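1. Here is my input; please provide its structure:
(chains A, B, C, D, E and F)
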Amino acid sequence: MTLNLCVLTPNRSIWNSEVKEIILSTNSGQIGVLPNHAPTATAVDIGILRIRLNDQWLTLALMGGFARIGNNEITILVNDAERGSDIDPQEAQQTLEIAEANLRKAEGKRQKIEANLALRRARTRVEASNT
Amino acid sequence: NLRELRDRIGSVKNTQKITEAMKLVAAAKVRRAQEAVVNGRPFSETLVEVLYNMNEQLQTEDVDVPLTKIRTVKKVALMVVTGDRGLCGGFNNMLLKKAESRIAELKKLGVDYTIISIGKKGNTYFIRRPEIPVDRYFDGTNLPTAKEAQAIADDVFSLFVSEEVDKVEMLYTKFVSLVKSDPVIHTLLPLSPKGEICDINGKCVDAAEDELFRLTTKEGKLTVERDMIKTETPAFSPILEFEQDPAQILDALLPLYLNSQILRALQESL
Amino acid sequence: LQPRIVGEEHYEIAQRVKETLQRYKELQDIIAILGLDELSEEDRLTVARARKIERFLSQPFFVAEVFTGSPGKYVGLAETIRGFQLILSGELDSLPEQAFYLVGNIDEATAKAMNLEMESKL
Amino acid sequence: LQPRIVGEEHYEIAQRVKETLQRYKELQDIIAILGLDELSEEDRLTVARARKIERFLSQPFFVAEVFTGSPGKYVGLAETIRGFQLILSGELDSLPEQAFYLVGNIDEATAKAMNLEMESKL
Amino acid sequence: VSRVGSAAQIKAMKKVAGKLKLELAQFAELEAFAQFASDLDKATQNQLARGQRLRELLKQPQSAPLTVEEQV
Amino acid sequence: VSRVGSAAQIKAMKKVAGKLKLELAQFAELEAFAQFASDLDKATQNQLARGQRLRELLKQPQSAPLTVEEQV
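-> Numbers count the residues shown, from 1 in each chain, chains lettered A, B, ... in the order given. Shown next is the structure:
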C-alpha cells in the first residue's frame, strides 16, 4: 500500500513508522521518494530531511551518510539525526552563532575543515527547527 | 576499649554492605551497556552489508577515498579510551601502562606519536606528564552517544585527512572477561576499503563477522561469553542505480563506518 | 549425618539437597538481575528443583489441625529419602510448585498435583 | 531545646544542623574507603555543608587568646541562628571551608573568605 | 521485638500493620541501595520510594499520641 | 609443625614425601590468585590440577589406617 522507512543512527533507531512520502537531501542536492520507487542508493548529505505521511509533514535534520531505497522500502544510515520539533529553535540558533564565531577565528588546514564541517552541522539544525 | 571495637566492626559491616551494593549496581550498569551495544547492531549490520556491496560493485583502480588513502607513516596518532572514574581494579593502570609501550615502541621507530585522550583518568594522567604531545582532551562519558562519539570523530577524521598524522590507531579494552580485560590496540585509520578491521600486530577479522558480548551465568558464577554472529551481506540489486558516483557514494559511507567504529570502541571500553 | 552412621544412600541425598539449596540461595541475587530465562539450562533447573525442595521440606502437622484444618502427616525416614530422590533426579520436573507445599509423602505431592490439574481444567 | 522553650525558628535550625552532622558522621566510614566521588550530589552537598558547619561551630574565646592567637569573640543567640541558617540555606556554598574556622559572627566568616581570596590571588 | 505480637493488636490494626511490616522490612534490606536509586528498575525504585514515606508516618512530635483510628 | 620432622621418617618416606611436601607448597600459592589470573596457562594449570589430586591423596576414611608401604 505504501513504502516504509527506517532511519537509524549508530546507537539508536529513530524513525521506524511508515510513510507515504519523504523528500531528502543528498550530495547531488535534492531527491524525492514516492512509493514503488525504483531501487536507488544515494549518499545523503548533511542537512534536513522532509517526510510526508498522510496529513502531516515534518523535518528532522540529519547529519549525512547513506540512503538506499529498495522495493517498497527505504533505509537511511545517518551518523546523527534529530527531530526538528524536538530541538528548540533558539538554542540551536545560539549554537550556530557560536560555531560561526569559532569558524571566523579558526585557521589552518585541518582546523578549518573542522570548523567548516561544524558550522555546516550547526546551520542545518535551525533549518529543521524553523521548518 | 570494647566500644571502639564495636564501632570498628559496625563500620566494617557498613562498608561491606556499601561495596556489595556498588557491585550490584555495577553489574546492572554492565547489563545496560550490553543492551546499548545490541541497539546499535542494526546500524552496523546494515553498514557492513552496504560496505561489502559497495566494494564488490566498485572494482576500480582510479577510485581513491581520503579516509582510506594511504600516506607514509611519518607520524601516528594514538587515542586512549580510559575509564572515567577510579576504584575499578587495574583497568586504568593497565591501559596507560599499555599505552606507554606503544609510545615506547614508536620511539624505537621514531615516528612521532600523538595522543588523543578520552576519559578522566587518562586526562589527569597526560596533564601531569607534559613530556608527550596531546591533540585534545575529551571528557569521558557514561552512556556514550553518537553525539559524543561525533566530537571524537570530527577530531580524528579532520586530523587524519590532513597528512600530519597517519595510521591513527586506538587502544581500549575489548570486554573479553570479567576477571581480566587486557588492552588491545587497533588501527582506526586509514579505514580498509575491504572494511576489514585489524589490530596493529597484524590480525584482521572480516568485518562481516563480529561478536557481541553477552553476560550470562556459568555454573554458580557470573561470567560473560563473547559470541560472534556473522551477518551475511545480501547481493546488491541488479537494477540498482547509483545516485552520485560509486567512488563518491563510498566517500560518504566511510565516515559512517569510522563513526560507528569509534562508538563501539568506546562503548566496549565503558 | 555421616555416611557410616546414616547409610550411604541417605547421606548422598542430604548432601545434594544442601548443595541444591545452597546454589539457589547464591543465585537469588543473580536471578533478580538476569531473570530466570537468562540463566543457563543447568541453573534454570537447580533453581526449579530448589524451589520444589523448599516446598517439600514444609509439612502439615498433627498439632496444627485445629488452627489450619488440613490434616497432619507423620512421614517416615524412608518416605522422606525416597521423596528427595524423585525431585533431585528430575523425574518430577513437570509438576507445579504448589503440589509440593504442605504435603507429607512424596505420593501426596503427585496426588496433589493431579488434583490441581483437574481443578484448573475445570 | 524544645520548641515551647526556644521557639520554632531556633529549634528547626538546631535540629537541621544535627541531621546534617549526623549524615556526615554516617558517611565518614564510606567516604574514606570509597572516596568522595561515590556519593550522590545530595550526599556530597551535605558533606560539604557539614564540613562547613562543623568549622563554624568553632569559636575563639576571650580566655583562649593564648591558645588561639586570635582575639576572642562573643556571639549572640541571634547571630548564631542567623549564621547557621545561611550555611544550611546554601547561600554560602561558594565560600572556602577555612573561612569558617575560628570566626565569631557569620559576617566575620564572610570577611575572612574575602581575605583568603585576596591572599590566593597574590 | 515483641513476644506477644499480633495477639495484642486489634483486628483493625492487624490488617493494616501486616502490610506495613513487610514494606518496612523491604526498605531495611535496601538502605544500601538508597544512594543508588537512580540506577534501578521501577519495582526496586518504588520500594525505596514507598519506604521513605513509610518512615515518615512513624515520626511524631513529643506528647502527641495518636488515637487508634488515627494510627489505622 | 613437627620439630623432629624427618629423623622420624623411614628412608622410603623421606625420599617419597620430599616431593610431596614441595607440591603442596606450590599449591598453596597457585590456589592463591587462581581466580585472579583466571585464564590458567598450563604451567600454572597443570600444577593446579596436580594439586587438587594431591589433596585427594590426603583424604582418608575414619579408622582405616594405612600401612607404611601403602603410604609410600
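2. how close does the closest residue to chain A within chain E get to chain C?
-> Of all residues in chain E, residue E:39 sits closest to chain A, with a separation of 19.0 Å (CB to the nearest CB). All C-beta atoms are positioned from the backbone trio N, CA, C, and that covers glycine. Using CB to the nearest CB, to the nearest Å, we find residue E:39 at a distance of 12 Å from chain C.
3. which one is that residue nearest to, not counting chain neighbours?
-> With CB to CB, 6 or more residues apart in numbering or on different chains as the measure, residue B:25 is the residue that lies nearest to residue E:39, at 5.2 Å, once sequence neighbours are left out.
4. Is the helix or strand encompassing residue A:123 in proximity to chain B?
-> Here residue A:123 is covered by helix A:109-129, with elements defined by DSSP states H and E. Yes - for a cut-off given as CB under 8 Å from any CB of the partner chain, helix A:109-129 has contacts with chain B, namely A:109, A:110, A:111, A:113, A:114, A:117, A:118.
5. ok, how many other residues are close to the last one?
-> This points to residue A:118. 22 (other CB atoms under 10 Å in any protein chain shown).
6. If we ignore the residues flanking it in sequence, what's nearest it?
-> In space, and not counting its chain neighbours, residue A:118 is closest to residue A:99: 5.2 Å by CB to CB, 6+ apart.
7. Ramachandran coordinates for that neighbour?
-> Listed backbone geometry of residue A:99 is phi -60, psi -40, with angles given as degrees, to the nearest 10.
8. mind listing what the residue nearest to residue A:92 when sequence neighbours are not counted touches?
-> Spatial nearest neighbour of residue A:92, excluding adjacent residues (CB to CB, 6+ apart): residue A:125 at 4.2 Å. Residue A:125 makes contacts with A:61, A:82, A:87, A:92, A:95, A:96, as judged by CB atoms under 8 Å, 6 or more residues apart in numbering or on different chains.
9. now, which of those lie within strands?
-> Where the contacts of residue A:125 overlap with strands, as defined by DSSP state E, the overlap consists of residue A:61.
10. top of the contacts of residue A:125 by neighbour count?
-> Neighbour max across these (other CB under 10 Å) = residue A:61, 26 neighbours.
11. Can you give me every residue that contacts the closest residue to that one other than its chain neighbours?
-> The shortest distance from residue A:61 to any residue other than its chain neighbours is 3.6 Å, reached at residue A:128 (CB to CB, 6+ apart). With contacts defined as CB under 8 Å, 6+ apart, residue A:128 is in contact with A:48, A:59, A:60, A:61, A:82, A:83, A:84, A:87.
12. and residue 9, what is it in contact with?
-> Since no chain was named, I'll use chain A. The neighbourhood of residue A:9, defined by CB under 8 Å, 6+ apart, consists of A:78, A:79, A:80, A:81, B:40, B:43, B:146.
13. that's the wrong chain, I wanted chain E
-> With contact set as CB under 8 Å, 6+ apart, residue E:9 has these partners: residue E:17.
14. Secondary structure class of it, three-state.
-> Three-state assignment for residue E:9 (DSSP: H, G, I helix; E, B strand; the rest coil): coil.
15. Ramachandran coordinates for it?
-> phi -60, psi 150.
16. can you count the residues close to the residue of chain E found nearest chain D?
-> Among the residues of chain E, residue E:35 lies closest to chain D, at 5.6 Å counting by CB to the nearest CB. Each residue near residue E:35 was counted by other CB under 10 Å, and the total is 19.
17. pretty sure it is in a helix, no?
-> Yes - inclusion of residue E:35 in a helix is indicated when three-state DSSP is applied.
18. any idea what sits nearest it, other than its immediate chain neighbours?
-> residue D:40 is the one closest to residue E:35 (CB to CB, 6+ apart), at 5.6 Å.
19. Pull up the gap between that neighbour and chain F, please.
-> The gap separating residue D:40 from chain F is 31 Å, by CB to the nearest CB.
20. count of neighbours near that residue?
-> Using other CB under 10 Å, residue D:40 has 13 neighbouring residues.
21. mind listing what's buried in whatever helix or strand residue B:52 lives in?
-> Mapping residue B:52 onto the secondary structure by DSSP H and E places it in helix B:41-58. Buried residues in helix B:41-58, counting neighbours by 16 or more other CB atoms under 10 Å in any protein chain shown, are found at B:42-44, B:46-54, B:57.
22. just checking, what packs against it?
-> Other helices and strands packing on helix B:41-58, by 3 or more CB pairs under 8 Å, 6 or more residues apart in numbering or on different chains; DSSP states H and E, are strand A:4-8, strand A:65-70, strand A:73-78, helix B:246-269.
23. Can I get those in a markdown table including mean neighbour count and distance to chain C?
-> Written out in a markdown table, the entries for the helices and strands packed on helix B:41-58 read as follows (neighbours: other CB atoms under 10 Å in any protein chain shown; distance: least, CB to the nearest CB, whole Å):
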| stretch | mean neighbour count | distance to chain C |
| --- | --- | --- |
| strand A:4-8 | 20 | 26 |
| strand A:65-70 | 24 | 34 |
| strand A:73-78 | 22 | 31 |
| helix B:246-269 | 22 | 20 |
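24. Could you export these as TSV, including distance to chain F?
-> TSV is the format used below for those (distance: least, CB to the nearest CB, whole Å):
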stretch	distance to chain F
strand A:4-8	37
strand A:65-70	40
strand A:73-78	38
helix B:246-269	19
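25. Out of these, flag the one nearest residue B:76.
-> helix B:246-269 (16.5 Å; CB to CB).
26. and the closest one with strand A:73-78, angle?
-> Following axes from the mean of the first three to the mean of the last three CA atoms, to 10 degrees, one obtains 70 degrees for the angle between helix B:246-269 and strand A:73-78.
27. how many other residues sit next to residue C:26?
-> Applying the criterion other CB under 10 Å, we find 11 residues in the vicinity of residue C:26.
28. do the same with residue A:16
-> If you count neighbours by other CB under 10 Å, residue A:16 ends up with 12.
29. show me the contacts for it.
-> Taking CB under 8 Å, 6+ apart, we find residue A:16 in contact with A:5, A:6, A:7, A:8.
30. ok, of these, which one's closest to residue B:156?
-> Ranked by distance to residue B:156 (CB to CB), the contacts of residue A:16 are led by residue A:8 at 22.5 Å.
31. Distance of the closest residue to the closest one other than its chain neighbours relative to residue B:51?
-> Excluding the flanking residues, the one nearest residue A:8 by CB to CB, 6+ apart is residue B:43, at 4.9 Å. Between residue B:43 and residue B:51 the computed distance is 12 Å (CB to CB, to the nearest Å).
32. element containing the residue nearest to residue E:39?
-> Under DSSP H and E, the secondary-structure element containing residue B:25 is helix B:2-39.
33. relative to helix B:41-58, how tilted is that helix?
-> Computed by the same axes, to 10 degrees, the angle between helix B:2-39 and helix B:41-58 is 40 degrees.
34. Which strands and helices lie in contact with helix B:2-39?
-> Looks like helix B:2-39 contacts strand B:209-214, helix B:246-269, helix C:8-38, helix D:8-34 (3+ CB pairs under 8 Å, 6+ apart).
35. is the third one up against chain B anywhere?
-> Put plainly, it is helix C:8-38. Yes - using CB under 8 Å from any CB, a contact is recorded between helix C:8-38 and chain B, made by C:23, C:26, C:27, C:29, C:30, C:33, C:34, C:38.
36. Reformat those residues as CSV; add distance to residue D:114.
-> Formatted as CSV, the residues of helix C:8-38 next to chain B follow (distance: CB to CB, whole Å):
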residue, distance to residue D:114
C:23, 65
C:26, 59
C:27, 61
C:29, 53
C:30, 57
C:33, 52
C:34, 57
C:38, 59
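37. Show the buried residues in the residues you listed.
-> C:23, C:27, C:30, C:33, C:34, C:38.
38. so the closest residue to the first one other than its chain neighbours, which of the three states?
-> In this case it means residue C:23. Spatially, and ignoring its direct neighbours in sequence, residue C:23 is nearest to residue C:46 (5.2 Å; CB to CB, 6+ apart). Under three-state DSSP, residue C:46 falls in the helix class.
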